[PDB]
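First, one chain by itself in structure tokens, the form deposited in one PDB entry.
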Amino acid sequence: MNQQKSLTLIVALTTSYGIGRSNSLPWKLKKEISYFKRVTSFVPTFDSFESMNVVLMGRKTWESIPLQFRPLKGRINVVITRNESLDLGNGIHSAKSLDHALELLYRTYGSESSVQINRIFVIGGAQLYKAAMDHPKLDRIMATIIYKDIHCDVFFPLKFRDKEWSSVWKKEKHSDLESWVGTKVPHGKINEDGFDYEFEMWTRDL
């Protein structure tokens, strides 16, 4: 009664698995953010009458996002942090672990609640990504690959695109990415600001 959905991780990362610098992103990509927004917000139309997605994030990611952009708009935010500390949010949820967030979500958004959960995303940062990679329900990574070894000080925790992980994690066809995300998605290299990047979807078997 708690294991009733897969998790999806969404991340932008360099070819060296770099995700962050000096507690922020070290690139400026508005289209890449709009992608993150489309994907994390997308609900099939028939369901969209009553259903919403969830974004789970570490408290350091929470702080990292500019004040203007919180909570992240038409999704259910849950911030994961290990001491019932002092957050202070407009209906904004707190849990001490990934599984405690899941239980809090299923208790709050039940068979009867007006709002119903479609998909659940883990949106960072490295510490929460590491918990999600270890979680038996994670089966999908939405990766934006950034083809530049931009200096980072925080890294994604498991080299899921490298040969050692290649019997577990498989890159899907672009048409399957678009089928999952519900829209046409740019295919191949996109250039904003001196770097190529591209959108990928990886899966593993549960």
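Only residues modelled in both forms are compared. We call the rigid core whatever largest set of C-alpha positions still superposes within 1.5 Å between the two forms. Note that residue numbering begins at 1 and tracks the sequence as displayed.
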Please compare 53 to 61 with 161 to 169 and name the stretch with the higher mean C-alpha B-factor in the deposited structure.
53 to 61
Stretch exceeding the other in mean C-alpha B-factor - 66 to 74, 31 to 39
66 to 74
When you compare the CA B-factors of 97, 113, 118, 127 as listed in the entry, which one comes out on top?
113
Specify which of 123, 80, 133, 92 carries the largest Cα B factor in the deposited PDB entry.
92
Among the modelled residues of this chain, does the Cα B factor of residue 139 put it in the lowest, middle or highest third?
lowest
Sorting the chain's modelled residues by C-alpha B-factor, tell me whether residue 20 ends up in the lowest, middle or highest third.
middle
Going by what the PDB entry lists, where does residue 101 fall on CA B-factor within its chain: lowest, middle or highest third?
lowest
In terms of the chain's CA B-factor thirds, is residue 7 lowest, middle or highest?
lowest
Name the third of the chain's ranked CA B-factors that contains residue 185, choosing lowest, middle or highest.
highest
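Below: the form deposited in another entry, not depicted.
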Out of 191, 23, 15, 183, I need the residue that shifts by 2 angstroms or more at the Cα between this form and the one not shown, core superposed.
23
So with the core overlaid, does the Cα of residue 47 end up 2 Å or more away between this form and the one not shown?
yes
Checking the C-alpha spacing of residue 49 and residue 111, a student should find that in the other entry it changes by 3 angstroms or more, with the atoms closer
Residue runs (3+) with all C-alpha shifts of 2 Å or more between this form and the one not shown, core-fitted, in sequence order, are 21 to 25, 44 to 49, 86 to 88
